[PDB]
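**Q** Dropping the structure in here first, questions after.
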Amino acid sequence: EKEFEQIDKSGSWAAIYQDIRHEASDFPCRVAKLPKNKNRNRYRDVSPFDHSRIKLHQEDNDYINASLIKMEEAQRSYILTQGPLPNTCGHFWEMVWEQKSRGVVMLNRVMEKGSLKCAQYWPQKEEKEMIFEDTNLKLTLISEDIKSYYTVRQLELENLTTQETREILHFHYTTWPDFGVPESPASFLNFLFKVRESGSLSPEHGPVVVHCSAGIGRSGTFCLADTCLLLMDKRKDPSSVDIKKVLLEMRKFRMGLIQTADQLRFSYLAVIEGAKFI
Ligand SMILES: Cc1ccc(C)n1-c1ccc(O)cc1C(=O)O
Ligand SMILES: [Mg+2]
């Protein structure tokens, strides 16, 4: 609150953001850069660090552009990944299956600014299921709840090899503007609360899988707000929760979390407003 007003009045958002970017950790991404993985990486997207990458349980190629963000004190984990490519939808759902995730959080529309941001990786009609032959998975739309700011879908994922099925919840925030950030964090906070209310972020399940469009953040704002709000509830002194410190901690696991000074300001606003509600 006080820190927000001081930065806002002095026009220091870009300076604070540049300092975070300059202090952000840099770890190798050697596996991501291997020639055989060139078509598994979305152009203009970041690469996962070797130390925190999620490995597919496959003998030939274990690579997927996804990272595990593990927040020790908050007891929260998140898998941050790129929006699936036309050839990586099978890998994406293999990761959801292997990591025992209950929720997938999508913070972009399939088309934004007249360009495709990710493959249509889930079925749009109940009777038209998707089959991922490469990873032997079937995915069916069970139900859809379309709201004004976001849509929730219940999906059924089937391992065709064993016929075992799992219910996956798809939380799709459909109203993040093509340019900049939302004017108010209210709908984004309601979306985060809806994800929380589903059990998708809880330790009884594998990490939630979060993604957006290449190189333009968003995913970081979701995880950063969730972890900050949880720490404010857990700590004896909620005012000791430093969002810049939490962000730098998350940045140890995946690069590029919070891609603009506007997203940093938006993250502060979502945490301040969310703490007032909680
Ligand atoms: C109850 C329902 C009908 C259709 C869906 C997709 N649902 C959900 C199922 C689980 C969940 O956590 C949220 C929702 C919802 O729409 O709020
Ligand atoms: Mg129909």
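Chain labels A, B, ... are given in the sequence in which chains occur in the structure tokens; within each chain residues are numbered consecutively from 1, and ligands are likewise numbered from 1 in the order shown.
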Which residues form the shell of 10 Å around ligand 1 when you count only C-alpha atoms and all ligand atoms, given as a ChimeraX atom specification?
**A** /A:103,141-147,150-155,167-171,194-200
**Q** Would you export the selected residues with C-alpha atoms as an mmCIF file, in the first residue's frame, please?
**A**
```cif
data_model
loop_
_atom_site.group_PDB
_atom_site.id
_atom_site.type_symbol
_atom_site.label_atom_id
_atom_site.label_comp_id
_atom_site.auth_asym_id
_atom_site.auth_seq_id
_atom_site.Cartn_x
_atom_site.Cartn_y
_atom_site.Cartn_z
ATOM 1 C CA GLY A 103 -6.108 -28.020 -13.035
ATOM 2 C CA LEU A 141 -15.131 -32.193 -23.051
ATOM 3 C CA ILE A 142 -17.533 -33.149 -20.182
ATOM 4 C CA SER A 143 -19.088 -29.771 -19.397
ATOM 5 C CA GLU A 144 -18.506 -26.053 -19.829
ATOM 6 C CA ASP A 145 -19.464 -23.059 -17.663
ATOM 7 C CA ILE A 146 -19.108 -19.860 -19.688
ATOM 8 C CA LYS A 147 -18.995 -16.677 -17.562
ATOM 9 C CA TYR A 150 -13.695 -16.568 -17.785
ATOM 10 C CA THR A 151 -14.855 -20.077 -18.643
ATOM 11 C CA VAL A 152 -14.432 -23.271 -16.616
ATOM 12 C CA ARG A 153 -14.416 -26.655 -18.377
ATOM 13 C CA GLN A 154 -14.525 -30.114 -16.985
ATOM 14 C CA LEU A 155 -12.411 -32.402 -19.169
ATOM 15 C CA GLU A 167 -11.018 -35.425 -14.372
ATOM 16 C CA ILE A 168 -9.121 -32.213 -15.262
ATOM 17 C CA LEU A 169 -10.510 -28.698 -14.717
ATOM 18 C CA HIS A 170 -9.647 -26.093 -17.372
ATOM 19 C CA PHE A 171 -9.751 -22.520 -15.996
ATOM 20 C CA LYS A 194 -12.400 -19.939 -8.530
ATOM 21 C CA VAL A 195 -9.179 -21.918 -9.239
ATOM 22 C CA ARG A 196 -8.464 -22.115 -5.478
ATOM 23 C CA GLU A 197 -12.072 -23.200 -4.700
ATOM 24 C CA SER A 198 -11.700 -26.220 -7.073
ATOM 25 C CA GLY A 199 -8.873 -27.859 -5.090
ATOM 26 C CA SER A 200 -6.514 -27.499 -8.158
#
```
**Q** List as a list in words the protein and nucleic acid residues lying within 9 Å of ligand 2, with only C-alpha atoms and all ligand atoms counted.
**A**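 Using only C-alpha atoms and all ligand atoms, I find these residues within 9 Å of ligand 2: residues 125, 126 and 127 of chain A.
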**Q** Suppose we keep N, CA and C atoms; can you now write the selection as a CSV table (one decimal), in the first residue's frame?
**A**
```csv
chain,number,residue,atom,x,y,z
A,125,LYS,N,-16.5,-29.6,-28.4
A,125,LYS,CA,-17.8,-30.2,-28.3
A,125,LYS,C,-17.7,-31.5,-27.6
A,126,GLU,N,-18.7,-31.9,-26.8
A,126,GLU,CA,-18.7,-33.2,-26.1
A,126,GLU,C,-18.5,-34.4,-27.0
A,127,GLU,N,-19.3,-34.4,-28.1
A,127,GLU,CA,-19.3,-35.6,-29.0
A,127,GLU,C,-18.0,-35.6,-29.9
```
**Q** Can you build me a table of range 79-129 of chain A residues sitting at most 10 Å from range 218-235 of chain A, with the closest atom pair per residue and its distance in Å to one decimal, using only C-alpha atoms, sorted by chain and residue number, as CSV?
**A**
```
residue,atom,partner,partner_atom,distance
A:79,CA,A:223,CA,9.8
A:80,CA,A:219,CA,7.1
A:81,CA,A:219,CA,8.7
A:82,CA,A:219,CA,9.6
A:105,CA,A:219,CA,8.5
A:106,CA,A:219,CA,8.3
A:107,CA,A:218,CA,6.7
A:108,CA,A:218,CA,8.5
```
**Q** Quick one: write out the picked residues with C-alpha atoms as an mmCIF file, in the first residue's frame?
**A**
```
data_model
loop_
_atom_site.group_PDB
_atom_site.id
_atom_site.type_symbol
_atom_site.label_atom_id
_atom_site.label_comp_id
_atom_site.auth_asym_id
_atom_site.auth_seq_id
_atom_site.Cartn_x
_atom_site.Cartn_y
_atom_site.Cartn_z
ATOM 1 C CA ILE A 79 4.081 -25.867 -13.556
ATOM 2 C CA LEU A 80 4.581 -22.926 -15.959
ATOM 3 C CA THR A 81 4.613 -23.871 -19.604
ATOM 4 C CA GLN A 82 4.221 -22.396 -23.111
ATOM 5 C CA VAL A 105 -4.928 -22.401 -16.069
ATOM 6 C CA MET A 106 -5.011 -20.654 -19.450
ATOM 7 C CA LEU A 107 -4.610 -16.876 -19.458
ATOM 8 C CA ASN A 108 -4.963 -16.107 -23.176
#
```
**Q** Just want the 9 Å neighbourhood of residue 29 in chain A, counted on only C-alpha atoms, with same-chain residues fewer than 6 positions away dropped. Output as a ChimeraX atom specification.
**A** /A:47-51,53
**Q** As an exercise, work out the distance from CA of residue 159 in chain A to CA of residue 123 in chain A in Å and give it to one decimal place.
**A** 16.2 Å
